[PDB]
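Encoded as structure tokens, the following chain is the form deposited in one PDB entry, with no partner shown.
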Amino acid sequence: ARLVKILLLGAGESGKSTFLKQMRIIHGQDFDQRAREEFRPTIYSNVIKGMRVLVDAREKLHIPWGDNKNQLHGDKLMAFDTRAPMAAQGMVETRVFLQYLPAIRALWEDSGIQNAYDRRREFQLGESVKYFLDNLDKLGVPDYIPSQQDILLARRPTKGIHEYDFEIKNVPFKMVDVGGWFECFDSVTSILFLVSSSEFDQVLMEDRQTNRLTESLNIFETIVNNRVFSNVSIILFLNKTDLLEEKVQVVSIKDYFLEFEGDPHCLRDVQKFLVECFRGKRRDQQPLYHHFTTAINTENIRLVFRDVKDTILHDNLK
């Protein structure tokens, strides 16, 4: 009754897992040393895969090496057994990571690899890679304990369902992340719908016909127009705002969405257009609650959730 049930919905990589971690950070029990420890294998895997993508890129993009001696380290990492039990699970043990760390460190120092990194628009590199590559100092310490920020940036896909249960001032929340469905649809108070707002110029890896924003808009359409959710507060999170702010400076959304009007290099104009894209998916209304978020930024999410909490209670009361 007093229980607020919130679903997190949105395509994969939209920031749902990261939002759940922020709830634990902000309103729950912060990860203790053993909890943080469990992330270490994922972080190491994120780094190994990222550098593997970068060595593969500069090769396939024909960028010349910075120092030609790094070929050896490129080969070293291209020979990493992805197939193996642990690695196939998106996990790399400490001892294994430390075997590669010298190659990784030398490769990130390379101007050719730095060049490859700059042309990342041209291939698929995980959001966390540069953050961890610049943090090779601390990951490489024999008893590295991941920090809060490291855990937020650690990328592991969600295959099933995650839940975190927390209270704010004796108000209990049940928050459920359904990966990117109909079984958790029961007794829902609010839906937070996460969008990677910076992916307007990307297609689905498994379906190059489909624009990633288009894929998000179509998912949203099926939710927002379902009668089952008529009394449910639906709140749009245009996430990855830090990335959208960078991308608008260099890419024009008009090239992708012919309906855009305004200045495509103006973040505010682009955000206005995205909001209108989602609003326009609804068949029978005229407020779509929305926030421009950066799910990895704890201070942002603190403010946003404060606002969302008020929205839900104002609505969920009335």
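Residue numbers here begin at 1 and follow the sequence given. Rigid core here is just the name for the largest C-alpha set that superposes within 1.5 Å across the two forms.
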Checklist line | Coordinates absent for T42 in a third or more of other entries | finding: no
Note to self: Could you find out if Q286 - modelled in this structure - is missing from at least a third of the other PDB entries compared that contain residues on either side?
What the structure shows: yes
Check: None, 1 to 3, 4 to 9, or 10 or more: how many residues of the deposited sequence lack coordinates between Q33 and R34?
Finding: none
Note to self: Neighbours in the displayed sequence, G180 and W181 may still hide a gap; how many deposited residues lack coordinates there, none, 1 to 3, 4 to 9, or 10 or more?
What the structure shows: 4 to 9
Notebook entry, point to check: Once you work out the mean C-alpha B-factor for both 108 to 116 and 188 to 196 from the entry, which is higher?
Noted result: 108 to 116
Checklist line | Higher-B stretch (mean Cα B-factor, as the entry records it), 59 to 67 or 257 to 265 | finding: 59 to 67
Item checked: Per the PDB entry, maximal CA B factor within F220, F80, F173, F97 -> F80
Note to self: I'd like to know which of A103, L238, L244, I161 has the highest C-alpha temperature factor in the PDB entry.
What the structure shows: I161
Checklist line | Chain thirds of CA B-factor: placement of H27 | finding: lowest
Checklist line | Relative C-alpha B-factor of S128, binned into the chain's lowest, middle or highest third | finding: highest
Next item on the list: Going by the recorded CA B-factors, say which third of the chain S233 sits in, lowest, middle or highest.
Entry: lowest
Next item on the list: Looking at the entry's B-factor column for C-alpha atoms only, identify whether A1 ranks in the lowest, middle or highest third of its chain.
Entry: highest
Notebook entry, point to check: Going by the entry, which third of its chain does the Cα temperature factor of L213 land in?
Noted result: middle
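Just so you know, the form deposited in another entry exists too; it's not on screen, but the next bit is about it.
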Margin query: Superposing the core, which one of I219, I235, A87, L125 shows a C-alpha shift reaching 2 Å or more between the shown form and the other one?
Written below: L125
Margin query: Quick check: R279 between the shown form and the other one - does its CA shift reach 2 Å or more after fitting the rigid core?
Written below: no
Item checked: Core-aligned C-alpha movement of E59 between the shown form and the other one reaching 2 Å -> yes
Next item on the list: Compare the position of the CA of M175 between the shown form and the other one after a rigid core fit and state whether the shift reaches 2 Å.
Entry: no
